[PDB]
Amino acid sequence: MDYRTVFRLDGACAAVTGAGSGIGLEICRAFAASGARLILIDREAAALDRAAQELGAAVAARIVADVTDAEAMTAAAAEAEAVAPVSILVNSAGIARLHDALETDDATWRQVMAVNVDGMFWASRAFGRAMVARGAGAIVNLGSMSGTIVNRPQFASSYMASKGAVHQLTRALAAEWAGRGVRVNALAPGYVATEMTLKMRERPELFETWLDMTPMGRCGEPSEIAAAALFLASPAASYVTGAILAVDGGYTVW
């Protein structure tokens, strides 16, 4: 090991879902900086072209796809493999809807589980195929502190359920592909200052509880989550598989 460059991704190609926004985009930045070539994936065209414009030459492909469409993920991988061999997958596509359990409509529940969990499996199966064949790769899933504990004061039982699945999916694929050289880990972030959370931050009857419940007393910055993903996705994490890495300002300690 050469510690100086062991955190770099030189030569590597990363597929990132949810690349057009928030944490997904900051990981694209981090990975570009680190020597990686990129495959940007996002359902949102406007967002994607912005991502790509900014990331410039590190962009191998930019693909408009919904992670819940499993043949779009199979198609995306095939495209990917032609263009650059993909050795890293970051599953950042996710959504969160507030709801009370007794006033949940079936579509809200089904959709959160479809994006957060099904989509993550479809992407991991599509891209993990070529990794498992080469006997080499790394996957990093965006879980949440919500896969460990339950947020307060707001209710979103479908998000909590989805993040529980995410953590165990992570471990299930880690165990299954360990012997064949693919590592799979998850980040479990606390509150992060991105697009997913701005609406919730503008109400102080919520934001105040948030910070008082977090030992560091602040939201994380997207770059703080990106750095953790960078670590997990790089050769520095070569003995790290099936791990749930908490990046939460201590929220889960209390």
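So that there is no doubt, residue numbering starts at 1 and follows the sequence shown.
Checked against the record, the higher mean CA B factor of 103-111 and 144-152 lies with 103-111.
Relative to its counterpart among 209-217 and 192-200, 192-200 has the higher mean temperature factor, C-alpha atoms as listed in the PDB entry. Of the candidates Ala174, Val83, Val166, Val132, the deposited coordinates give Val83 the top C-alpha B factor.
Considering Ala186, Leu48, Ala228, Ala30 together, the PDB entry gives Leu48 the largest C-alpha B factor. Ranked by C-alpha B-factor against the other modelled residues of its chain, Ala76 falls in the highest third. The entry lists a Cα temperature factor for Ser21 that places it in the highest third of the chain's modelled residues.
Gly242: CA B factor lies in the lowest third for its chain, per the PDB record. Split the chain's modelled residues into thirds by C-alpha temperature factor. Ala14 is in the middle one.
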